[PDB]
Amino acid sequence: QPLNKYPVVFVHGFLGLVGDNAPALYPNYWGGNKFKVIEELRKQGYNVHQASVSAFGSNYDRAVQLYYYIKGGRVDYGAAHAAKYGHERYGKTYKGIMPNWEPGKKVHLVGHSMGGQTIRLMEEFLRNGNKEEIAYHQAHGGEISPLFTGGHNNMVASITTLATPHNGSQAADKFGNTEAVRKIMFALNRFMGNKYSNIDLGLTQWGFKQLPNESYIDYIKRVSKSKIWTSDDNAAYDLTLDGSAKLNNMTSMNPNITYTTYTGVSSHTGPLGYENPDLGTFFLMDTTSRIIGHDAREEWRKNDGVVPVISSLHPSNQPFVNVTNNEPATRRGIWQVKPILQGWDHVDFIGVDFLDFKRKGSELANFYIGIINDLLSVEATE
């Protein structure tokens, strides 16, 4: 019935809120008003979905959530993970977009920004499991999530990433992951865990959910004891250069998966060889673009607002091949890096820059239809 035999799952990045988990007035993550990715692709008869996973959590936490988003069930972050980092083992429970998901029934994964990292880690778990969980269930017994077992292959057809910081970003290193702004992010999460809140910012496993009969002062006190304040099991850490490198060092190429990347630049070279944001860079990335663009290492300067070009092309120590925009992108086992999109900033990929008239809806529709056609190709060359 659907033109695509494998469902496509779109996976948002850091700070991403989608569907019913957004504020009353909020941009629509996948396409803004420029091209309503989910609705429009569906009207054209494609089977597509937008995952909802932790906005502020680690790639680990998100990757677990992604699995349960697709498969359905109670999120299980793993007993060893929970014990090591100091957060609940069990999380939200998901209906499941594909309850029969198993070897043989594949899914296409496309990720924006951090979503690309999240996708890689989930596949890692499927294929290779999680060593610390395997080891913990070996020593202490009990039940272990199948997600952490390994040996589950032939479940993801493609991994396609848009402006993903495969190699991290200095914006995290020098801003996002600093003490003062982590405190802000966590305070936000605390607040939005209050008992009148309808949005889940993705750190409730750390205890940021006020109980219905608990005072806010008692909430604050309970939650000041959480390890979140000092942990590295969070998005801000994972987007640093170190944090991303760690994911790179523990991931590996699946020879059956079609891997493809897209990258945007929205900076321009200035007097001294530093990079500054283009007029038309969504203004919220003004400061981060300048931090990146003024890097000591020259090859780390060009950026889409928050992720350097080097970081988005491909994970740095994984195999890649520079590809053309016209040629079929059909190679398995290798990062097919599409040609840099000139003038696209980080958020132009998802169409929410309503300030930028150069980036039009028809363009964005072509981009997404572009990706679907590549995915159709992958299906046809099996």
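When you see a residue number, it is the position in the sequence shown, counting from 1.
Legend: mean Cα B-factor per stretch from the PDB entry, 85-93 versus 264-272; the higher mean is in 264-272. Taking the mean C-alpha B-factor of each stretch as recorded, 57-65 and 37-45 are not equal, and the higher mean is that of 37-45. Based on the entry's C-alpha B-factors, the most elevated value among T161, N167, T204, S145 belongs to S145. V181: CA B factor in the middle third of modelled residues in this chain (values from the PDB entry).
Sort the modelled residues of the chain by CA B factor and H314 lands in the lowest third.
Annotation for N198: C-alpha temperature factor in the middle third relative to the rest of the modelled chain, per the entry. Per the PDB record, residue ranking by Cα B-factor puts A139 in the highest third of the chain.
Remark: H112 belongs to the lowest third of its chain, ranked by C-alpha B-factor as recorded.
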